[PDB]
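Student: Sharing a structure, written as structure tokens. Questions coming.
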Amino acid sequence: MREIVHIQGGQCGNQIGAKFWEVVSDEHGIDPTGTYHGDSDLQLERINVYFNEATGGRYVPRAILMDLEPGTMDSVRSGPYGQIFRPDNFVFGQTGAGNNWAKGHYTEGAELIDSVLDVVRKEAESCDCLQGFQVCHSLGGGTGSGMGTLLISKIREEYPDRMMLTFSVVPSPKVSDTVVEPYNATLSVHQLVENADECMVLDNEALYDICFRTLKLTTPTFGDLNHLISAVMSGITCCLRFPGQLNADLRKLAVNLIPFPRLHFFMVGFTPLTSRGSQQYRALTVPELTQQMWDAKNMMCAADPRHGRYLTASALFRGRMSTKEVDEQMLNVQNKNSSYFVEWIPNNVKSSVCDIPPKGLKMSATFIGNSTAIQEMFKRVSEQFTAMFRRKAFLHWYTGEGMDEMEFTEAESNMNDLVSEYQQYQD
Amino acid sequence: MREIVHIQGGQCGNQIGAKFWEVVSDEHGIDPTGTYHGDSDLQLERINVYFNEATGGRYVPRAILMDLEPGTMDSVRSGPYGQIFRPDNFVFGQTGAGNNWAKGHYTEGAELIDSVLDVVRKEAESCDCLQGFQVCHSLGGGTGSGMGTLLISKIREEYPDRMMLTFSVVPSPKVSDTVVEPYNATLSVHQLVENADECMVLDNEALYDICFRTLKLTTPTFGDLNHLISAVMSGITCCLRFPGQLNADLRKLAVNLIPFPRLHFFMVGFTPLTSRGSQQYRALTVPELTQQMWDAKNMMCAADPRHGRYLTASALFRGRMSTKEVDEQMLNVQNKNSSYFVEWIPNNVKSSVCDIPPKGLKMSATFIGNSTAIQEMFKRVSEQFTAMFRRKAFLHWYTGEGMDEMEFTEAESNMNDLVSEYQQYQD
Amino acid sequence: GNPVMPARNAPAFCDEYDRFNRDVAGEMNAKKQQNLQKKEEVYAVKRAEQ
Amino acid sequence: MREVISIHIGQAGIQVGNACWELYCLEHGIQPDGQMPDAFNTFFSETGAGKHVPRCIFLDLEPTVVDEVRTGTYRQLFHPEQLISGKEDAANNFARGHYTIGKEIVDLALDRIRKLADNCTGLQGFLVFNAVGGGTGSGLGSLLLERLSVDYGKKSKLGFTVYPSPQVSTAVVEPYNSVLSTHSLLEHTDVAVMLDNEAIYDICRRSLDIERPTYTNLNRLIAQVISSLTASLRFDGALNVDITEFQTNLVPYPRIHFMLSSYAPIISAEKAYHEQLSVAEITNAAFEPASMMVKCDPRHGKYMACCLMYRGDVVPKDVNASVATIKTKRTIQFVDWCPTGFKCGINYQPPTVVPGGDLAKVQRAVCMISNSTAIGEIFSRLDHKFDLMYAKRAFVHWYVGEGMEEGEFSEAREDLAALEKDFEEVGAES
Amino acid sequence: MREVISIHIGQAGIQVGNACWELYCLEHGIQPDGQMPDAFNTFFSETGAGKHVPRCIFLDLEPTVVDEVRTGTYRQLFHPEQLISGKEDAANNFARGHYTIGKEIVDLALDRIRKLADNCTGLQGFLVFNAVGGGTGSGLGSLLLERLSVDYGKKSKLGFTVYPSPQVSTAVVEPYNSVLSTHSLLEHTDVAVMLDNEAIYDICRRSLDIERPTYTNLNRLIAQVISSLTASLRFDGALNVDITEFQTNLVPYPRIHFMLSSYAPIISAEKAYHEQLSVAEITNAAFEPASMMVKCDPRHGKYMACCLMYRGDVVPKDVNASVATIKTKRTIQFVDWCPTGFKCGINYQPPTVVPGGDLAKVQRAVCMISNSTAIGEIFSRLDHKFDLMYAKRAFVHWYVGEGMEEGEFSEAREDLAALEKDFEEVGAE
Amino acid sequence: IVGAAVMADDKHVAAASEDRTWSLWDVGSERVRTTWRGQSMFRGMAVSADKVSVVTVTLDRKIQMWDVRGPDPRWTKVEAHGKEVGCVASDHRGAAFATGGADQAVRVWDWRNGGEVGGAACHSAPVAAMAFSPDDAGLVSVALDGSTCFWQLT
Ligand SMILES: Nc1nc2c(ncn2[C@@H]2O[C@H](COP(=O)(O)OP(=O)(O)OP(=O)(O)O)[C@@H](O)[C@H]2O)c(=O)[nH]1
Ligand SMILES: Nc1nc2c(ncn2[C@@H]2O[C@H](COP(=O)(O)OP(=O)(O)OP(=O)(O)O)[C@@H](O)[C@H]2O)c(=O)[nH]1
Ligand SMILES: Nc1nc2c(ncn2[C@@H]2O[C@H](COP(=O)(O)OP(=O)(O)O)[C@@H](O)[C@H]2O)c(=O)[nH]1
Ligand SMILES: Nc1nc2c(ncn2[C@@H]2O[C@H](COP(=O)(O)OP(=O)(O)O)[C@@H](O)[C@H]2O)c(=O)[nH]1
Ligand SMILES: [Mg+2]
């Protein structure tokens with residue numbers, strides 16, 4: 001009876017949850033209309049984690065879709081699997097952020113957060129024993145970045161004892177969609193280290209590389225990249241929804257991953273990825289899920305895990321597998337390359353087995369990694385931000401909303417303290 | 001009640017052991033299933049010497065089969081009478097010696113020598129009183145030679161008062177199955193002198209002489225050589241398993257055939273080896289057994305008994321016979337050619353009469369003879385060893401496993417110690 | 001199509017009935033017994049050939 | 001009349017308890033519905049007419065392991081109030097299992113224990129199943145064992161606890177929760193039997209020829225050890241042994257109450273046809289270091305006291321010959337101040353095999369529960385892992401903010417440090 | 001379990017690889033689609049249910065031969081990312097295949113090798129296939145063999161290299177690529193088996209009466225040689241010979257690992273009826289110099305050690321009787337430090353006949369791989385061609401400009417010169 | 001509870017519910033005889049002539065016929081994979097067997113082995129009921145809407 005209240009942030013958050021709620025509905029056997037056409041009783045036992053019982057056998061998500069431009073709301077609602085969401089949960093603005101982190105956080109965020117926090121309170125008070133609020137948003141834009149992280153702020157003093165599983169895509173070194181990406185990312189990380197409980201870091205440039213290399217799909221869209229993050233957002237809360245030989249919910253994962261309160265950014269990955277030319281020639285076994293689990297190219301962050309030591313790690317195994325093969329493979333990855341693992345923690349790897357695999361798969365696993373290698377992606381965004389700020393570039397668009405330049409200096413301070421504290425555990 | 005523990009090593013020992021356990025279980029009346037189907041009561045009186053009674057009346061042989069190549073124990077399961085063996089005693093390796101004495105004795109054989117001693121200790125303590133340990137293996141190989149002599153060294157140190165029987169096949173004069181035979185043969189016989197209580201030398205091209213000249217087999221199968229070996233090994237343990245007028249176990253044979261401790265290398269031969277064409281023309285009588293027993297072409301070693309004088313001898317007679325007429329053949333063979341018998345041992349021949357003949361055969365005999373002519377096939381191997389070692393050829397595959405060149409000079413000098421002490425009795 | 005979902009002819013795929021069964025020890029016991037019976041059959045065939 | 005109450009704490013305890021009561025129903029012929037088509041008194045309570053309810057409580061804070069029992073094949077067996085659930089799990093936190101979310105469920109647990117103790121006339125002891133590596137098993141197990149010591153004095157409590165293995169483990173804060181649990185199971189648990197997952201995986205891979213062992217195949221033989229322990233409570237025998245009688249022989253000193261367990265004839269179905277299982281043969285295999293249920297090498301230490309549990313066709317003569325040969329064996333060793341060392345128990349019931357299981361049908365069995373000085377290296381290895389984590393203050397902020405103070409780790413390690421030195425002090429010759 | 005990982009490098013590597021895997025699908029009954037309608041474990045790895053995939057990688061810098069496998073008759077047999085292709089070829093340049101373009105593609109090669117090593121339980125060796133006359137075989141074959149020594153230590157590596165002919169060859173810069181390859185495969189390959197195209201040309205004309213043979217005809221009976229020397233692991237026999245057994249019974253010294261090759265019965269369909277293929281005749285036919293796979297004269301030198309691998313209906317008496325006659329002949333000569341010089345391996349599986357091939361169905365076959373001091377005349381003849389090359393610096397600007405320093409020409413020159421001295425001193429009595 | 005039927009004797013009842021369970025109980029001593037479990041929730045049961053089979057159709061589009069002794073499904077058939085499978089009933093002679101699904105179809109099977117005899121599709125809505133005439137002349141099989149269907153047995 002530990003439920004999850006989902007928060008959707010901006011353009012990226014609405015589309016990433018348009019496909020996320022499609023996955024778990026087909027996983028739970030819920031049709032696009034909303035009735036239960038599922039075929040067995042393990043689905044019905046845990047629907048309360050994500051959906052709500054309604055009249056007539058309907059199942060509606062605890063999804064609070066919120067943004068500042070109604071165009072994204074029209075796309076998700078009119079598309080397939082768009083009728084499951086509650087119409088009154090479709091709160092939205094009219095002006096739009098316009099890539100301005102200050103606008104999404106100060107000027108037009110003010111008259112919309114009070115509207116969306118009432119939907120949060122209505123959703124959170126109705127359910128019985130909260131586990132945490134899951135939020136998916138972006139750090140490059142302003143609709144889901146400035147307003148999304150302020151939703152994390154105001155929800156934190158109101159519910160401090162609950163979890164906060166935030167998913168954040170970050171700006172890329174290789175390809176930049178917007179110009180103010182270094183400004184919006186660094187100002188959102190400052191609000192994320194102090195407020196969020198644990199952070200799962202995603203990025204677009206790794207997802208293009210994963211789809212090109214592993215999946216052999218030479219022209220990815222936003223469709224197949226969104227379905228990869230949806231395949232992992234399901235994997236984190238897999239043990240809540242289904243029984244297993246060794247269960248692990250969100251607070252199992254936080255205590256075994258972060259040793260210190262500020263080291264709560266992670267890297268994620270999904271194991272059984274294969275190209276259509278390679279499906280008939282690959283066998284699903286725990287030895288080969290494990291080797292694809294720890295591969296550097298399989299991870300979904302720009303930071304190469306070979307550079308930085310793994311401080312802690314966890315494994316979310318799904319399917320019918322023997323726990324000795326889970327235990328021996330994770331022991332084997334600790335000893336063959338012990339130089340890649342931190343020395344003042346023995347048995348860095350957490351493991352847990354969920355007895356229900358995802359839709360159409362024999363076995364699957366989801367990796368979470370607290371590595372010190374992720375300091376290089378915060379550093380790279382930081383050096384993007386410092387180059388712009390020394391010449392006062394694009395700051396008049398930010399100082400016009402009451403945000404003085406004094407807070408930019410301290411936003412870089414703990415930005416550099418995050419990469420300083422990650423570096424001193426590496427040595 | 002005087003139990004014999006059989007241990008087999010390598011491809012040769014398992015193939016020798018497979019034919020050995022077929023012959024013994026046939027004359028005991030034991031089917032490949034495991035039950036008893038005999039027609040006489042004499043078979044069940046002394047059956048614990050080779051077979052352990054199990055639940056349900058099944059008899060399981062007291063055999064420990066070892067090899068570093070795992071596919072060879074699949075060949076003994078595939079062979080007939082292959083399901084009588086206990087699956088627990090089938091200790092197996094993974095790598096394989098590959099005709100290397102050092103790989104079987106130090107590097108790769110050490111990881112398996114703990115489990116072989118584990119089942120030998122379990123098997124010895126199960127029976128009431130041990131009578132000895134019987135091993136059949138090779139000296140030219142790497143597993144039967146390397147891992148075998150380490151096992152013989154280990155079980156002699158742990159169990160010092162128990163007898164030792166090595167039916168070790170030795171490299172051939174004429175044609176050799178492998179190039180590195182003298183390296184393995186000299187190192188094996190160095191460990192055999194101070195460990196084996198008595199050794200029984202067999203040669204493959206002496207067995208081919210039996211199958212061609214005497215048995216008139218135009219195309220002898222490789223398993224037909226093991227039939228001749230199994231006929232002898234069943235004959236050495238004849239007096240233990242069956243009553244007779246004059247009984248003689250393996251210890252009474254040792255105390256009569258071994259005048260001095262290091263001279264424990266014998267050559268043997270089974271007597272009534274007749275072709276099917278000449279089966280009807282030969283009278284199966286005691287004098288026809290005796291003179292055919294002492295013939296040079298019967299003996300299964302490349303060393304000719306005519307070259308050097310007999311030191312001692314042993315005869316093991318089975319069937320309906322007369323004690324006087326058996327004994328007068330032994331006095332006659334010591335006087336008609338007295339130059340081939342040593343002078344300071346009167347009555348060089350020991351004889352035992354057993355009352356139960358082999359199944360389907362009216363009367364048989366087995367010879368064991370300690371001769372000073374057996375140095376001809378040790379000086380020959382020393383001739384092979386001194387050629388290869390002087391130019392230090394084929395040695396990097398031995399020195400890479402830990403042993404140095406000084407261990408080669410140990411076996412070279414100790415080989416030349418045995419042929420020195422044999423030679424000075426020929427004079 | 002669907003990226004992580006296989007294509008109905010792969011070793012990775014399960015039916016909707018198959019993905020919700022949970023007897024790991026039972027299925028491994030059944031596989032062990034079937035493998036031992038098949039090994040006995042292989043040994044019998046090799047014995048007949050020899 | 002004789003009865004025991006088997007309490008199960010956390011994810012490990014319920015899955016052991018699922019396998020335990022599966023085998024207990026087969027031993028007494030009870031169908032899973034609870035109806036049998038006087039040997040059942042120690043475990044089951046004859047309720048009304050034709051209904052047998054187990055004497056157990058299944059408490060866990062996480063619902064997911066408990067509702068599987070509420071839904072599965074054994075849902076009709078257990079009384080609905082006997083299975084105790086909570087809203088949220090302890091989440092690998094000893095402080096959460098002890099202080100914050102363990103206090104609102106410890107009061108309801110004693111209520112079910114009191115009503116179960118009122119039902120049984122002669123209560124013989126308590127069997128606690130838990131894992132010290134987790135939060136609910138260690139933390140809530142600490143609170144329940146603390147309350148049962150105050151509430152029920154002098155009563156036996158038997159610690160069948162699961163312990164972190166040296167090389168194989170599945171959580172990061174297992175050194176923290178296990179050291180804190182050792183501060184509690186000393187002063188409260190009367191006799192504690194260590195259980196280690198990796199030693200069973202050594203048994204499952206080798207003795208049973210199961211290449212892929214899991215927790216279900218693990219628990220089926222752990223359920224056999226506890227069933228073999230209580231065999232004389234339910235069936236007759238030549239030399240009956242009771243729960244309060246193990247305490248009079250296996251703990252020489254009050255602070256030495258850790259037991260190593262072993263089960264002798266663990267043979268698969270296909271291997272059982274050839275092997276002859278004699279009483280002397282299985283007794284030799286019971287003392288093998290590979291056949292121990294905890295990752296220890298008992299050759300390292302000296303045996304203080306040993307107890308043997310024979311089931312099936314065992315005459316009292318071949319047990320006396322078997323213990324004579326195992327006493328004279330040089331590779332085993334007994335401490336000099338305990339000249340006799342053995343306690344022998346014989347039960348006439350052959351062991352029962354679970355359907356679809358792994359162990360073969362056998363006529364004889366040994367369950368050895370032994371106290372040795374090789375259990376010191378269990379605590380020494382955990383002390384090294386705790387000190388290596390506590391030096392740089394890792395994961396402490398989770399424990400501190402959930403009720404504890406910082407110095408509670410110093411008390412628990414210093415308590416375990418005294419538990420390290422007294423094993424060597426007792427085992428030293430005089 | 002016994003397993004090998006066969007890596008194929010270069011145009012000769014894929015073409016022999018495409019021919020040998022056709023042969024390996026015939027002994028085990030594997031269909032071209034990949035479905036069989038425990039002996040197959042050493043070559044084909046069981047993935048899922050019903051599918052058997054080869055344990056090979058096909059790496060080549062030129063994508064015009066790799067896609068032929070990807071569009072030919074064996075599209076469904078191979079795992080598609082096992083076949084590694086490149087943008088452009090090494091262009092007969094050792095320097096290009098070792099320094100310029102071979103550096104980026106070797107990382108993908110070790111990635112796929114790491115998958116194959118972890119998948120199979122027990123390795124037994126790496127089989128290599130390359131032509132040292134070409135840029136990819138010399139260059140990329142060198143860099144791959146450098147990596148396998150530092151990743152998988154003390155593991156046996158088997159060399160099967162197509163070596164340049166004395167008389168007729170298809171390259172001009174073939175002295176350069178061959179010399180630089182032998183400097184790297186001396187200390188890396190544990191077993192090296194030379195193969196010479198004009199020797200196999202001479203076999204096809206006489207023994208097989210094919211007046212116009214192509215590369216397809218040459219690769220088929222080369223595939224029979226590789227299949228015979230691995231036939232003992234696949235099929236049970238009286239005298240099993242292992243991959244690890246080959247090193248321990250053929251090389252007396254760690255730098256002398258070059259061995260000849262000869263497959264004994266090479267008979268067409270029409271000639272099979274008139275020839276009584278007895279074991280004494282084929283064993284005598286194996287030691288005949290015109291049946292050797294390398295254009296060398298073993299009468300000039302002396303055999304250091306020999307190996308014999310027998311397939312089919314061979315009893316062990318008449319293999320011992322046939323090698324008894326061999327040791328008595330004075331035309332064959334043995335070194336005085338190796339009196340017993342044979343290793344005999346007997347299997348019970350007759351060789352399989354390919355559809356449309358020229359080798360007829362036979363009962364008994366021999367595969368003779370032997371070390372000899374006459375092999376030193378192969379390197380000495382190519383010593384003279386490289387010295388004529390490097391005397392006035394022809395075709396060097398393609399090498400020096402593409403990464404490598406010209407000092408490595410003399411370093412590989414001196415190494416093969418020491419190898420010439422080493423063969424001439426081991427043969428001295 | 002979905003399906004229920006008296007036995008051949010009046011002393012015993014049988015039932016089949018949505019808890020993935022079905023059972024045979026005693027009227028006199030109101031306690032369970034034995035309990036059979038399944039892997040999906042049931043949607044109907046029927047009892048053949050004289051004890052030989054008890055058949056149950058589930059949510060997961062499958063028909064499972066059972067023998068009362070030897071607890072294992074004697075024969076399971078996956079069928080009508082378009083939509084759900086709704087209701088069943090038994091012939092009194094024990095030679096025929098009706099099946100209805102959420103498809104537009106009705107099916108006729110045999111108790112010994114599943115062999116399709118019945119027609120393709122007449123009714124509009126998903127099925128709700130069955131039960132052949134006591135002389136095997138016909139079958140009134142009814143849909144979910146206001147539609148009844150009369151069938152003559154071939
Ligand atoms: N012997 C045995 N041990 C188990 C089994 N399942 C889990 N464990 C052990 O339990 C540990 C996990 O901690 P637990 O105490 O079970 O977790 P929990 O009971 O859910 O407690 P919380 O996680 O705090 O809610 C693992 O390290 C295992 O060693 C089992 O089936 N058998
Ligand atoms: N026996 C045999 N030899 C071949 C075959 N294919 C190529 N060769 C040899 O290879 C030589 C040509 O050089 P290769 O190594 O094949 O050239 P490559 O592999 O394409 O390497 P690059 O030219 O750098 O791309 C020829 O002289 C042949 O002797 C073949 O199918 N069978
Ligand atoms: N994976 C993924 N990324 C997206 C999607 N839509 C936008 N993005 C990323 O979001 C970044 C810009 O965010 P933006 O659309 O401006 O967020 P907004 O402020 O809500 O409009 C770009 O770098 C995109 O790569 C999507 O559907 N999937
Ligand atoms: N008489 C006989 N000799 C054998 C048999 N098997 C092998 N040999 C001989 O043993 C020698 C090789 O020993 P091998 O089996 O390779 O020993 P290993 O490699 O150490 O296990 C060869 O000379 C064979 O002639 C057999 O069944 N009977
Ligand atoms: Mg838990």
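Cβ from N, Cα, C; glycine included.
According to Swiss-Prot, the record shows the following:
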type    : residues                                                                     : note
BINDING : B:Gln11, B:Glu69, B:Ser138, B:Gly142, B:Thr143, B:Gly144, B:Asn204, B:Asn226 : GTP binding site
BINDING : B:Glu69                                                                      : Mg(2+) binding site
Student: Is B:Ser138 (GTP binding site) helix, strand or coil when read with DSSP?
Tutor: strand
Student: For B:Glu69 (GTP binding site), write down the residues of its own chain that are at least 6 apart in sequence and whose Cβ falls under 8 Å from its Cβ; none is a fine answer.
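Tutor: Listed in sequence order, they are B:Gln11, B:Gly93, B:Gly96, B:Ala97, B:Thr143.
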Student: Helix, strand or coil for B:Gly144 (GTP binding site)? Use DSSP.
Tutor: helix
Student: Tell me which binding-site residues (B:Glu69, B:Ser138, B:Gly142, B:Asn204) have a Cβ under 6 A from ligand 4; sequence order is fine.
Tutor: B:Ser138, B:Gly142, B:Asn204
Student: Taking B:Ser138, B:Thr143 as the binding-site residues to compare, which has the smallest set of other Cβ atoms within 10 Å?
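Tutor: Least crowded of the binding-site residues B:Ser138, B:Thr143, by Cβ count within 10 Å, is B:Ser138.
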Student: Listed in sequence order, which of the binding-site residues B:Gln11, B:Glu69, B:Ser138, B:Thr143, B:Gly144, B:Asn226 sit with a CB under 8 A of chain E?
Tutor: B:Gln11, B:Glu69
Student: Helix, strand or coil at B:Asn204 (GTP binding site), per DSSP?
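Tutor: The residue in question, B:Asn204 (GTP binding site), is helix (DSSP, three-state).
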Student: Just to confirm: which same-chain residues, 6+ apart in sequence, have a Cβ under 8 Å from the Cβ of B:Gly142 (GTP binding site)?
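Tutor: Looking at Cβ-Cβ distances below 8 Å from B:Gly142 (GTP binding site), excluding near sequence neighbours, one finds B:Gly10, B:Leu68, B:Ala97, B:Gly98, B:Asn99, B:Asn100, B:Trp101, B:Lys103, B:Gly104, B:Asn184.
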Student: Take the binding-site residues B:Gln11, B:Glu69, B:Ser138, B:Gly142, B:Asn204, B:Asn226 and keep those with a Cβ under 8 Å from any chain D Cβ; what remains?
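Tutor: Of B:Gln11, B:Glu69, B:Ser138, B:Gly142, B:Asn204, B:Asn226, none lie near chain D.
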Student: Please work out which residue of B:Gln11, B:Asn204, B:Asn226 has the most C-beta neighbours within 10 angstroms of its C-beta, and give that one of the binding-site residues.
Tutor: B:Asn204
Student: Which value in Å gives the longest Cα to Cα span across the GTP site residues B:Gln11, B:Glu69, B:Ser138, B:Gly142, B:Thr143, B:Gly144, B:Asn204, B:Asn226 as recorded?
Tutor: 22
